[PDB]
Each structure stands twice: as C-alpha cells, then as structure tokens.
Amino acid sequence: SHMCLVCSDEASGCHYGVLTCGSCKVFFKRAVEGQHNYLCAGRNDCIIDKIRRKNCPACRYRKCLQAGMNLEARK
C-alpha cells in the first residue's frame, strides 16, 4: 500500500499514473525526456530494488513502462 511498484522502496505517492518512490519518479521523467540508449548487461531481467535499481537503467525503465507510467497521465 506504500511500496514503490518499480523498486519496492518506500513510495511517496502516485506519480505519472503509478505508485512509486521519489527516485523512480524523477528517473522516469529523465528516461523519457532525455536521450540515452540504455542497454542491459544481463538477460533483460535484472532485479530492481532499493540498492540494485542503480545498476540497470534499462531494466528500471522497462519496469516503469510496464507498470504503466506515462508523462501525460494527468490527461
């Protein structure tokens, strides 16, 4: 009820359509708006938790999108 759905950290509230923490909220906006081409170094199935969420932006971003995060969600 107060776990980030992306990294399981303590969730602040609902951001861009999904219960997430502050760090995943800002990560998501940066991933969408910025140009990076994230690439997984594993098997496209990395564990994303409070510690490990720094280790694979590709899998973190993929999880944000799959949980349904969207920038224009207030519309």
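In this text, residue numbers run from 1 along the sequence as written. Throughout, rigid core stands for the largest set of C-alpha atoms superposing within 1.5 Å between the two forms.
- Comparing the two stretches 66-74 and 4-12 by root mean square C-alpha distance in 6 other deposited structures of this protein, with all structures fitted on the core, the more displaced one is 66-74.
- With each structure aligned by its rigid core, the stretch whose Cα atoms sit farther from this model in 6 other deposited structures of this protein, between 31-39 and 44-52, is 31-39.
- Judged by mean Cα B factor in the deposited record, 10-18 ranks above the other of 54-62 and 10-18.
- Mean CA temperature factor is higher for 23-31 when stretches 40-48 and 23-31 are set side by side in the entry.
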